[PDB]
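Please read the structure below before turning to the comments.
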Amino acid sequence: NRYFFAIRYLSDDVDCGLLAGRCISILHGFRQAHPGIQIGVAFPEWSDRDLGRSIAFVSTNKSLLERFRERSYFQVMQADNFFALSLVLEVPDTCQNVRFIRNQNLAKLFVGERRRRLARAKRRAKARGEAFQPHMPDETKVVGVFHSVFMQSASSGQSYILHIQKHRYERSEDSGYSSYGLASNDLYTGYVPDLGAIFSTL
Amino acid sequence: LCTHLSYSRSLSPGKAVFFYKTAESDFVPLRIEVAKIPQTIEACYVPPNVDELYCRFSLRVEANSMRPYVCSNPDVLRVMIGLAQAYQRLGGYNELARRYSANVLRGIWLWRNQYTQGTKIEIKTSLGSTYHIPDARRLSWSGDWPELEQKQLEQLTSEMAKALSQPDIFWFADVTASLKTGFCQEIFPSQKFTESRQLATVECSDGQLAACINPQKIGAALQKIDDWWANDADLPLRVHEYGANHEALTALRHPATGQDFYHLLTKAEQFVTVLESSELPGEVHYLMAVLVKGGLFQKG
Amino acid sequence: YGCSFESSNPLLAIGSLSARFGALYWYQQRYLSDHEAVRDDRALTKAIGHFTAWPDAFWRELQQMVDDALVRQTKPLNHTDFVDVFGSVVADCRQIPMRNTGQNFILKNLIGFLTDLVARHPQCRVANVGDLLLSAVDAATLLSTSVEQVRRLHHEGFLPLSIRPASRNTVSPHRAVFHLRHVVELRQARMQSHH
């Protein structure tokens with residue numbers, strides 16, 4: 001009921017965080033052309049120390065996934081021997097699922113985010129008419145492990161980082177993927193198979 | 001030369017601490033927040049509703065370059081003593097004092113935190129003087145300082161010229177600066193050296209932590225007054241026996257040129273002779289500056 | 001056999017014979033890559049027309065490969081070698097035997113271009129074109145001087161070194177180490193002459 005294909009990086013000096021960002025950007029552009037589609041992003045070479053030198057895409061519609069594979073960027077990168085591409089094939093029925101949820105809460109670890117939050121809070125108080133009296137939290141927080149992907153803004157002058165965590169799957173409800181094929185903590189449920197198996201194919 | 005020769009340091013700060021005032025208490029520390037995520041992330045910025053940040057440190061100056069801490073050779077000792085005095089009586093300590101004094105009043109010891117809406121520097125000393133620079137953002141290495149400010153540079157130069165040259169004067173300075181700041185401006189304290197990064201703090205007597213700048217980091221800024229090479233003043237280097245330049249990854253007084261400390265150390269007999277005929281040249285200014293930042297000069 | 005020209009609008013229509021010879025040699029390796037077929041007349045006959053719009057075509061040839069290179073990027077640009085984008089077009093400037101800019105017109109146009117390229121791309125938080133690394137032999141060519149002079153210029157501190165080498169080693173002439181924007185600015189600032 002599921003199809004996938006994978007891409008591996010051939011060069012030993014490849015920067016995974018820079019390069020991975022381009023594949024996501026393409027997925028986004030495709031999503032804009034055909035709004036009613038669902039394609040998920042998986043990292044079959046995910047590790048606790050690094051992101052890994054490979055990426056894979058998973059979906060349910062074979063004919064649509066083929067169209068994605070035909071996108072010119074991928075074809076060029078293969079021709080110049082930067083990428084190794086697989087063919088589209090069926091997902092094995094003997095595996096387990098993971099989420100790949102992204103966490104925007106981690107933004108609050110950096111000064112720039114706190115500044116913006118407070119500036120808005122001050123201005124917001126004028127409607128209430130009360131004096132601006134902010135109240136700060138304590139000194140210690142605990143967070144999980146995450147990796148970064150470098151991203152360019154869409155039709156603007158900015159760039160920023162995506163922060164990716166890996167959660168184990170638990171089954172409930174119905175699904176949907178975000179514009180980046182990523183999962184959200186709430187109200188964006190989906191999953192991908194953790195295809196670290198049969199990777200000897202590339 | 002000889003086997004044993006040492007000088008100790010003649011000029012030194014303690015460390016700098018950041019804090020702010022409230023209506024309830026005069027000393028509230030600026031603190032740092034840490035998230036364990038070990039491998040952590042952390043941040044520090046002035047909190048909402050504090051209009052200005054204070055930074056303070058103390059400085060002692062001692063006339064301790066007049067005599068070798070240790071010397072194993074009676075002939076080396078006779079010369080080094082004659083030289084320091086031959087220099088002292090022609091002046092020249094004024095020149096060194098002028099250079100050190102200029103750096104304190106300018107404020108470069110604030111390193112990366114100089115970018116304020118207005119910085120005010122106040123100095124007090126153990127002899128009863130007070131100095132006031134209403135705005136430190138406009139004073140260059142090279143140029144004529146505005147009136148009433150040029151004057152305090154002369155007055156401070158005089159007190160320090162004495163502190164450096166006559167013994168049994170116990171001279172202390174207490175330097176406080178005020179930084180008028182932005183809405184939630186980021187602050188840059190000293191970092192920790194490790195085998196992600198961490199920041200340095202100190203403990204208060206009540207158990208609170210505070211942000212700080214290390215002693216030698218304040219010191220490295222004060223002694224940056226070496227511009228006697230290649231007849232091109234540019235900006236000054238931190239005094240170093242080899243003329244090291246970290247930004248360009250090079251060395252200006254490389255031993256290959258004959259312009260380093262060790263070649264010059266061996267000509268002392270000739271310099272004393274000249275001073276007696278005296279004008280002070282760059283070669284003796286360099287040497288005196290190194291003796292002030294004392295260390296080991298051994299295994300000749 | 002001689003020059004004898006007037007109303008010499010093309011950049012190939014002026015100068016001493018040695019330069020006129022060098023310009024043709026350069027054109028040939030670069031655009032007549034087809035194996036020799038002893039088309040000794042026809043093969044070279046076309047070079048004159050080619051140069052007639054040079055002041056406005058050479059730049060487009062250079063621009064085209066900035067974009068094609070960019071979309072194939074794999075590392076942040078501030079660790080990328082200058083050569084990976086421009087393909088040694090700089091070394092080819094050495095086939096004309098003269099060193100100064102007023103006579104070696106091929107080099108004169110390449111520098112013109114690079115100066116403009118840097119000018120429209122000022123420094124910011126994310127690295128961009130203009131931060132590419134040059135090797136010692138490349139600065140020597142752009143600065144119209146021999147290599148030993150660059151070493152002397154480094155030693156006096158007129159320009160920074162960006163890559164930290166290991167100890168008990170040396171950086172060879174072929175190693176890529178200065179930023180492009182640093183070389184372009186230094187040249188405008190202190191290398192000009194009446195040539």
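Each chain in the structure tokens gets a letter, A, B, ..., in the order shown, and its residues are numbered from 1; ligands are numbered from 1 in order too.
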
Fill in: Interface list for chain C, partner chain B, 8 Å threshold, only C-alpha atoms, as a list in words
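Using only C-alpha atoms, chain C residues at most 8 Å from chain B: residues 155, 156, 157, 159, 160 and 161 of chain C.
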
Write out the residues from the selection above, keeping N, CA and C atoms, as a compact mmCIF listing (two decimals), in the first residue's frame.
# COMPACT_ATOMS: atom_id res chain seq x y z
N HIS C 155 53.71 38.98 4.63
CA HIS C 155 54.55 39.13 5.79
C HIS C 155 54.43 40.48 6.42
N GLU C 156 54.17 41.51 5.65
CA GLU C 156 54.03 42.81 6.28
C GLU C 156 52.64 43.06 6.78
N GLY C 157 51.71 42.13 6.61
CA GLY C 157 50.43 42.39 7.16
C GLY C 157 49.49 43.16 6.35
N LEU C 159 47.60 41.81 4.15
CA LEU C 159 46.44 40.99 3.92
C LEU C 159 46.48 39.77 4.79
N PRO C 160 45.32 39.33 5.25
CA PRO C 160 45.01 38.16 6.07
C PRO C 160 45.06 36.79 5.44
N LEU C 161 45.33 35.76 6.22
CA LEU C 161 45.35 34.38 5.76
C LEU C 161 44.15 33.68 6.37

Would you give me, as JSON lines, each residue of chain C having an atom within 9 Å of an atom of chain A, along with its shortest atom pair and that distance in Å to one decimal, using only C-alpha atoms and sorting by chain and residue number?
{"residue": "C:72", "atom": "CA", "partner": "A:77", "partner_atom": "CA", "distance": 7.7}
{"residue": "C:73", "atom": "CA", "partner": "A:19", "partner_atom": "CA", "distance": 8.4}
{"residue": "C:74", "atom": "CA", "partner": "A:14", "partner_atom": "CA", "distance": 5.9}
{"residue": "C:75", "atom": "CA", "partner": "A:15", "partner_atom": "CA", "distance": 5.9}
{"residue": "C:76", "atom": "CA", "partner": "A:18", "partner_atom": "CA", "distance": 7.5}
{"residue": "C:126", "atom": "CA", "partner": "A:159", "partner_atom": "CA", "distance": 8.7}

Grab the residues selected above and save them as a CSV table (one decimal), in the first residue's frame with N, CA and C atoms.
chain,number,residue,atom,x,y,z
C,72,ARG,N,24.7,23.9,-8.4
C,72,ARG,CA,25.4,22.6,-8.2
C,72,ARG,C,26.2,22.6,-6.9
C,73,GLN,N,26.0,23.7,-6.1
C,73,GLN,CA,26.7,23.9,-4.9
C,73,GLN,C,26.6,22.8,-3.9
C,74,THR,N,27.7,22.3,-3.3
C,74,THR,CA,27.6,21.3,-2.2
C,74,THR,C,28.2,21.7,-0.8
C,75,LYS,N,29.0,22.8,-0.8
C,75,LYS,CA,29.6,23.3,0.5
C,75,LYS,C,29.2,24.7,0.7
C,76,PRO,N,29.3,25.2,2.0
C,76,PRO,CA,29.0,26.6,2.1
C,76,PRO,C,30.1,27.3,1.3
C,126,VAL,N,25.3,35.3,6.0
C,126,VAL,CA,25.3,34.0,5.3
C,126,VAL,C,26.4,34.3,4.3

Using only C-alpha atoms, find the residues of chain A whose closest atom to chain B is at most 7 Å away, then write them as a PDB file with N, CA and C atoms, in the first residue's frame.
ATOM      1  N   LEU A 109      14.929  28.783  22.952  1.00  0.00           N
ATOM      2  CA  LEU A 109      16.250  28.639  23.550  1.00  0.00           C
ATOM      3  C   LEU A 109      17.190  29.764  23.122  1.00  0.00           C
ATOM      4  N   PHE A 110      16.795  30.513  22.098  1.00  0.00           N
ATOM      5  CA  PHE A 110      17.662  31.546  21.538  1.00  0.00           C
ATOM      6  C   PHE A 110      17.142  32.961  21.790  1.00  0.00           C
ATOM      7  N   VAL A 111      18.065  33.884  22.032  1.00  0.00           N
ATOM      8  CA  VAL A 111      17.723  35.243  22.441  1.00  0.00           C
ATOM      9  C   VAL A 111      16.780  35.953  21.476  1.00  0.00           C
ATOM     10  N   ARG A 115      13.202  38.056  22.451  1.00  0.00           N
ATOM     11  CA  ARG A 115      13.032  39.470  22.137  1.00  0.00           C
ATOM     12  C   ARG A 115      11.723  39.721  21.396  1.00  0.00           C
ATOM     13  N   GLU A 139      15.403  29.114  35.712  1.00  0.00           N
ATOM     14  CA  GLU A 139      16.666  28.959  35.005  1.00  0.00           C
ATOM     15  C   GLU A 139      16.970  27.626  34.302  1.00  0.00           C
ATOM     16  N   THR A 140      16.265  26.537  34.613  1.00  0.00           N
ATOM     17  CA  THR A 140      16.601  25.231  34.009  1.00  0.00           C
ATOM     18  C   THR A 140      15.548  24.508  33.157  1.00  0.00           C
ATOM     19  N   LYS A 141      15.952  24.082  31.963  1.00  0.00           N
ATOM     20  CA  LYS A 141      15.073  23.348  31.072  1.00  0.00           C
ATOM     21  C   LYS A 141      15.786  22.089  30.632  1.00  0.00           C
ATOM     22  N   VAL A 142      15.016  21.078  30.270  1.00  0.00           N
ATOM     23  CA  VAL A 142      15.515  19.833  29.689  1.00  0.00           C
ATOM     24  C   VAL A 142      14.845  19.538  28.349  1.00  0.00           C
ATOM     25  N   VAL A 143      15.654  19.322  27.316  1.00  0.00           N
ATOM     26  CA  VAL A 143      15.134  18.999  25.988  1.00  0.00           C
ATOM     27  C   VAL A 143      15.757  17.746  25.379  1.00  0.00           C
ATOM     28  N   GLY A 144      15.107  17.199  24.356  1.00  0.00           N
ATOM     29  CA  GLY A 144      15.605  16.012  23.681  1.00  0.00           C
ATOM     30  C   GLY A 144      16.627  16.324  22.599  1.00  0.00           C
ATOM     31  N   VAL A 145      17.127  15.288  21.932  1.00  0.00           N
ATOM     32  CA  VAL A 145      18.117  15.478  20.877  1.00  0.00           C
ATOM     33  C   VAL A 145      17.457  15.898  19.568  1.00  0.00           C
TER      34      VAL A 145
END

Discussion item. I'd like the contact shell of residue 193 of chain C - 10 Å cut-off, only C-alpha atoms, skipping same-chain residues fewer than 2 positions apart - returned as a PyMOL selection string.
Written reply: chain C and resi 100-101+190-191+195

Print the selection's residues with N, CA and C atoms to a file, as a CSV table (one decimal), in the first residue's frame.
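Here's the written file result.csv:
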chain,number,residue,atom,x,y,z
C,100,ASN,N,51.4,43.9,-17.9
C,100,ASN,CA,50.7,45.0,-17.4
C,100,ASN,C,49.3,45.0,-18.0
C,101,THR,N,48.3,45.6,-17.3
C,101,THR,CA,46.9,45.8,-17.8
C,101,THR,C,46.6,46.6,-19.0
C,190,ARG,N,46.1,50.0,-3.4
C,190,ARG,CA,47.5,50.3,-3.4
C,190,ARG,C,48.3,49.7,-4.6
C,191,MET,N,47.7,49.2,-5.6
C,191,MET,CA,48.4,48.7,-6.7
C,191,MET,C,48.4,49.4,-8.1
C,195,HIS,N,50.2,52.5,-16.0
C,195,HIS,CA,50.0,51.5,-17.0
C,195,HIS,C,48.5,51.1,-17.2

Practice prompt. Please provide as a list in words all residues within 10 Å of residue 160 of chain A, with the sequence filter that same-chain residues fewer than 5 positions apart are discarded (counting only C-alpha atoms).
Written response: residues 148, 149, 150, 151, 152 and 153 of chain A

Discussion item. As an MDAnalysis selection string, please: every residue in segment 36-159 of chain B that DSSP puts in alpha helix (DSSP H).
Written reply: chainID B and resid 74:88 93:106 150:159

Suppose we keep N, CA, C and O atoms; can you now write the selection as a compact mmCIF listing (two decimals), in the first residue's frame?
# COMPACT_ATOMS: atom_id res chain seq x y z
N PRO B 74 76.21 38.72 38.57
CA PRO B 74 76.45 40.08 39.06
C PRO B 74 76.66 41.11 37.96
O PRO B 74 76.31 42.26 38.20
N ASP B 75 77.15 40.73 36.79
CA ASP B 75 77.40 41.72 35.75
C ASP B 75 76.11 42.03 35.00
O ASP B 75 75.89 43.17 34.60
N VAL B 76 75.27 41.04 34.80
CA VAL B 76 73.96 41.29 34.21
C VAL B 76 73.13 42.21 35.08
O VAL B 76 72.49 43.12 34.59
N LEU B 77 73.15 41.97 36.38
CA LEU B 77 72.45 42.81 37.33
C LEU B 77 72.95 44.24 37.36
O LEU B 77 72.15 45.15 37.40
N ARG B 78 74.26 44.46 37.38
CA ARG B 78 74.75 45.84 37.41
C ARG B 78 74.19 46.67 36.24
O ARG B 78 73.83 47.82 36.42
N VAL B 79 74.18 46.08 35.05
CA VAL B 79 73.71 46.76 33.85
C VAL B 79 72.22 47.02 33.86
O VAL B 79 71.79 48.09 33.47
N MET B 80 71.41 46.05 34.26
CA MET B 80 69.97 46.21 34.18
C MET B 80 69.54 47.32 35.14
O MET B 80 68.61 48.05 34.85
N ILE B 81 70.22 47.44 36.27
CA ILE B 81 69.92 48.49 37.25
C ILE B 81 70.28 49.86 36.71
O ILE B 81 69.54 50.81 36.88
N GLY B 82 71.46 49.97 36.13
CA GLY B 82 71.91 51.21 35.54
C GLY B 82 70.99 51.67 34.44
O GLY B 82 70.69 52.84 34.32
N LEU B 83 70.53 50.73 33.62
CA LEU B 83 69.58 51.06 32.58
C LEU B 83 68.25 51.52 32.98
O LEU B 83 67.76 52.46 32.41
N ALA B 84 67.64 50.90 33.96
CA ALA B 84 66.34 51.37 34.34
C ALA B 84 66.43 52.78 34.85
O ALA B 84 65.61 53.59 34.50
N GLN B 85 67.46 53.10 35.63
CA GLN B 85 67.59 54.45 36.16
C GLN B 85 68.00 55.44 35.08
O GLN B 85 67.63 56.58 35.16
N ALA B 86 68.83 55.03 34.14
CA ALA B 86 69.25 55.95 33.10
C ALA B 86 68.03 56.41 32.35
O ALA B 86 67.92 57.57 31.99
N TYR B 87 67.10 55.50 32.12
CA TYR B 87 65.82 55.81 31.50
C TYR B 87 64.92 56.63 32.38
O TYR B 87 64.49 57.67 31.98
N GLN B 88 64.69 56.22 33.62
CA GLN B 88 63.75 56.93 34.48
C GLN B 88 63.94 58.44 34.60
O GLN B 88 62.98 59.17 34.46
N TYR B 93 58.70 57.37 31.31
CA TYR B 93 57.64 56.73 32.04
C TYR B 93 56.36 57.51 31.72
O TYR B 93 55.28 56.98 31.84
N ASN B 94 56.49 58.79 31.36
CA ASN B 94 55.34 59.61 31.06
C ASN B 94 54.67 59.08 29.82
O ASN B 94 53.47 59.19 29.66
N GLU B 95 55.50 58.60 28.91
CA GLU B 95 55.08 58.13 27.61
C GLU B 95 54.34 56.84 27.78
O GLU B 95 53.27 56.66 27.23
N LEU B 96 54.89 55.94 28.58
CA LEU B 96 54.23 54.68 28.88
C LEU B 96 52.96 54.91 29.67
O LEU B 96 51.94 54.32 29.37
N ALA B 97 53.01 55.80 30.64
CA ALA B 97 51.82 56.15 31.39
C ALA B 97 50.76 56.80 30.52
O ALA B 97 49.58 56.55 30.69
N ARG B 98 51.18 57.64 29.59
CA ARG B 98 50.21 58.22 28.67
C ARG B 98 49.50 57.15 27.86
O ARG B 98 48.30 57.22 27.68
N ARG B 99 50.25 56.20 27.32
CA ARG B 99 49.64 55.12 26.56
C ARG B 99 48.72 54.21 27.38
O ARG B 99 47.65 53.85 26.93
N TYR B 100 49.10 53.85 28.59
CA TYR B 100 48.23 53.02 29.40
C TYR B 100 46.99 53.79 29.79
O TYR B 100 45.90 53.25 29.75
N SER B 101 47.16 55.04 30.16
CA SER B 101 46.05 55.85 30.65
C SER B 101 45.02 56.08 29.58
O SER B 101 43.84 56.08 29.85
N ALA B 102 45.47 56.30 28.36
CA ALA B 102 44.57 56.53 27.25
C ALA B 102 43.62 55.36 27.04
O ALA B 102 42.47 55.57 26.74
N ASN B 103 44.12 54.14 27.13
CA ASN B 103 43.30 52.95 26.98
C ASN B 103 42.23 52.78 28.04
O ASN B 103 41.17 52.31 27.74
N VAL B 104 42.52 53.12 29.29
CA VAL B 104 41.48 53.02 30.32
C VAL B 104 40.34 53.97 30.05
O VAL B 104 39.19 53.62 30.23
N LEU B 105 40.66 55.20 29.66
CA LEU B 105 39.64 56.22 29.47
C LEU B 105 38.82 55.98 28.20
O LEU B 105 37.67 56.35 28.13
N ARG B 106 39.43 55.39 27.19
CA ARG B 106 38.76 55.06 25.94
C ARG B 106 37.71 53.98 26.13
O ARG B 106 36.66 54.01 25.50
N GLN B 150 41.23 66.15 27.34
CA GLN B 150 42.65 66.09 27.12
C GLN B 150 43.28 66.35 28.45
O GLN B 150 44.31 65.78 28.78
N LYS B 151 42.66 67.23 29.23
CA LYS B 151 43.24 67.61 30.51
C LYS B 151 43.26 66.50 31.54
O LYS B 151 44.20 66.42 32.33
N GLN B 152 42.24 65.66 31.55
CA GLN B 152 42.16 64.62 32.55
C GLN B 152 43.12 63.51 32.17
O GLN B 152 43.63 62.80 33.01
N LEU B 153 43.38 63.37 30.88
CA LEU B 153 44.38 62.45 30.45
C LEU B 153 45.72 62.87 31.01
O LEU B 153 46.42 62.05 31.53
N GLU B 154 46.04 64.15 31.01
CA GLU B 154 47.30 64.56 31.60
C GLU B 154 47.38 64.33 33.10
O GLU B 154 48.40 63.91 33.60
N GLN B 155 46.30 64.60 33.81
CA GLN B 155 46.28 64.42 35.25
C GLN B 155 46.39 62.96 35.66
O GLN B 155 47.06 62.65 36.62
N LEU B 156 45.69 62.08 34.96
CA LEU B 156 45.78 60.66 35.22
C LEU B 156 47.15 60.14 34.86
O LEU B 156 47.71 59.32 35.55
N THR B 157 47.70 60.62 33.76
CA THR B 157 49.04 60.23 33.37
C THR B 157 50.03 60.50 34.48
O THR B 157 50.90 59.70 34.71
N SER B 158 49.93 61.65 35.12
CA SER B 158 50.84 61.99 36.20
C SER B 158 50.77 61.07 37.41
O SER B 158 51.80 60.69 37.95
N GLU B 159 49.57 60.72 37.86
CA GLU B 159 49.47 59.82 39.00
C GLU B 159 50.07 58.47 38.67
O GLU B 159 50.78 57.90 39.47

Item to complete: Identify, with DSSP run on backbone atoms, the residues in segment 2-186 of chain C assigned to strand (DSSP E), and express the list as a PyMOL selection string.
Response: chain C and resi 133-135+176-179

Using the selection just defined, write its residues with N, CA and C atoms as an mmCIF file, in the first residue's frame.
data_model
loop_
_atom_site.group_PDB
_atom_site.id
_atom_site.type_symbol
_atom_site.label_atom_id
_atom_site.label_comp_id
_atom_site.auth_asym_id
_atom_site.auth_seq_id
_atom_site.Cartn_x
_atom_site.Cartn_y
_atom_site.Cartn_z
ATOM 1 N N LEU C 133 37.987 31.196 -2.226
ATOM 2 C CA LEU C 133 39.399 31.226 -1.914
ATOM 3 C C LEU C 133 40.323 31.219 -3.144
ATOM 4 N N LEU C 134 41.360 32.056 -3.129
ATOM 5 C CA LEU C 134 42.380 32.132 -4.177
ATOM 6 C C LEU C 134 43.650 31.499 -3.664
ATOM 7 N N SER C 135 44.473 30.932 -4.522
ATOM 8 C CA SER C 135 45.807 30.483 -4.120
ATOM 9 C C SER C 135 46.879 31.511 -4.348
ATOM 10 N N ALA C 176 44.637 26.845 -1.820
ATOM 11 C CA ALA C 176 43.745 28.014 -1.863
ATOM 12 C C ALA C 176 43.534 28.701 -0.533
ATOM 13 N N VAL C 177 44.005 29.939 -0.352
ATOM 14 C CA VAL C 177 43.876 30.606 0.944
ATOM 15 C C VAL C 177 43.477 32.084 1.161
ATOM 16 N N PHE C 178 43.253 32.932 0.163
ATOM 17 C CA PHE C 178 42.872 34.343 0.426
ATOM 18 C C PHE C 178 41.462 34.569 -0.072
ATOM 19 N N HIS C 179 40.665 35.425 0.534
ATOM 20 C CA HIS C 179 39.324 35.637 0.004
ATOM 21 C C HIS C 179 39.241 36.507 -1.189
#

Discussion item. Using only C-alpha atoms, which protein or nucleic acid residues come within 9 Å of residue 291 of chain B? Drop anything in the same chain fewer than 6 positions from it, and give the result as a PyMOL selection string.
Written reply: chain B and resi 7-10+65

Worksheet item: What does the distance between atom CA of residue 149 of chain B and atom CA of residue 215 of chain B come to in Å, to one decimal place?
Response: 27.3 Å

Item to complete: With a distance cut-off of 7 Å and only C-alpha atoms, select the neighbouring residues of residue 166 of chain A, excluding the residue or stretch itself and same-chain residues fewer than 4 positions from it, and output the selection as a VMD selection string.
Response: chain A and resid 99 to 101

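Comparing the minimum interatomic distances between residue 98 of chain C and each of C:57, C:69, C:119, C:19, counting only C-alpha atoms, we find that C:19 sits nearest.
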